[PDB]
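# Take a look and give me a structure for this.
(one chain, ligands or ions: 2)
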Amino acid sequence: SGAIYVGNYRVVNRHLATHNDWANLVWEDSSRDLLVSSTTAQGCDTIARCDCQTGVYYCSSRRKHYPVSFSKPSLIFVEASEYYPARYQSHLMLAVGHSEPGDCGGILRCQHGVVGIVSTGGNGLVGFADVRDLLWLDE
Ligand SMILES: CC(=O)Nc1cccc(NC(N)=O)c1
Ligand SMILES: [Zn+2]
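Numbers count the residues shown, from 1 in each chain. Ligands and ions are numbered 1, 2, ... in the order given. The structure is reproduced below:
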């Protein structure tokens, strides 16, 4: 699990969004595994605005932060999970590293702030849903 808090926005894995997230929907994209809901409290996180391909992600299944190199956001085929059928996920970045389902929502960061959240994994790969293109999160 894990969320991003910026302005009056909460960014979560679409597959982990609660009834409260859906009752306060700002935007959702099923192909990206992302959902943003409205909050009453002011978020403390900064979204990276950059095209960095190196960073550090939190891996709850190892209680550790790992430094990774990752691909630029793209359309990648993603095998079946407990939450989606096999399909193409958009705006997805891959790194070589450890990921398990409950690692979803772990934050990837560079010097410029939050890059994205863990969304896919297995076969020694971790996939992160990019949030850097969602410029409207900042105002
Ligand atoms: C370990 C494996 O094969 N599945 C895996 C790994 C990381 C994240 C997800 N994502 C998801 N279940 O939505 C799935
Ligand atoms: Zn950056």
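# List the contacts of residue 35.
Applying C-beta atoms under 8 Å, 6 or more residues apart in numbering to residue 35 gives the contacts 11-14, 17, 21-22, 25, 27-28. C-beta here means a position set from N, CA and C on the backbone, and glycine is covered the same way.
# ignore the last one, residue 20
The neighbours of residue 20, taking C-beta under 8 Å, 6+ apart as the test, are residue 37.
# same thing with residue 72?
51, 53, 93.
# Residues of this protein that sit close to ligand 2?
Proximity of the chain to ligand 2 is confined to 48, 50, 52, 110, 112 under the rule C-beta under 5 Å from the ion.
# can we see that at 8 Å?
48-52, 55, 110-113, 115, 132 (C-beta under 8 Å from the ion).
# List buried residues within these.
Listed as buried from the residues of the chain next to ligand 2 are 48, 55, 110, 113, 115, 132; burial here means 16 or more other C-beta atoms under 10 Å.
# SS state for the last one?
Under DSSP: H, G, I helix; E, B strand; the rest coil, residue 132 falls in the coil class.
# And the closest residue to it other than its chain neighbours, how far from residue 138?
The shortest distance from residue 132 to any non-neighbouring residue, by C-beta to C-beta, 6 or more residues apart in numbering, is to residue 48 (5.3 Å). Distance from residue 48 to residue 138, counting by C-beta to C-beta, to the nearest Å: 11 Å.
# Same question for residue 124.
Taking C-beta to C-beta, one finds residue 124 at 34 Å from residue 138.
# try residue 6
Look at residue 6 and residue 138: by C-beta to C-beta, they are 7 Å apart.
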